[PDB]
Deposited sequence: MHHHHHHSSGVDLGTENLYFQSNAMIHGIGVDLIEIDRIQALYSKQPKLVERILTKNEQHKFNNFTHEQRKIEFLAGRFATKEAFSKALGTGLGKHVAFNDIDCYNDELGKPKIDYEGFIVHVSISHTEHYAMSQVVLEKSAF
């Protein structure tokens, strides 16, 4: 098989919003220092929650593809395409948000 695993995750944005409101620490537990910069740079709070939600889903999806949040950095390339560097695999990612739900889709391809 050329694929190691696939992962997907759907989560409610109102739940991420709620947790972040009661616990600002959530951020440092889910995002990498890299992702923390991006989160802190948005001036629109709605957009921050979308970003957080999108990242949490990605890390859950990535994790399912395999079988630590802070150690899984999901960045955007020159095109603004989400990527994840993970030695031993070729990772493909894709995220989508709505007003209430965020979802990420991950597929891990064996590299060797």
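Participant: Where does the model have holes with respect to the deposited sequence?
Facilitator: No C-alpha for residues 1 to 23, 91 to 97, 143.
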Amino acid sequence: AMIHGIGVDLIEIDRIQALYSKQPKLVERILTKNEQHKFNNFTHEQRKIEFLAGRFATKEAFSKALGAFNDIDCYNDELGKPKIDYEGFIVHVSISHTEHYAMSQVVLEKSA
From here on, numbers count along this sequence of modelled residues.
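Participant: For the stretches 72 to 80 and 24 to 32, which has the higher mean C-alpha B-factor as given in the deposited record?
Facilitator: Per the PDB record, 72 to 80.
Participant: Could you check the entry and say whether 12 to 20 or 84 to 92 has the higher mean CA B-factor?
Facilitator: The entry gives the higher C-alpha B-factor average to 84 to 92.
Participant: When the deposited Cα B-factors of this chain's modelled residues are ordered and cut into thirds, is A1 in the lowest, the middle or the highest one?
Facilitator: For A1, the deposited C-alpha B-factor lands in the highest third.
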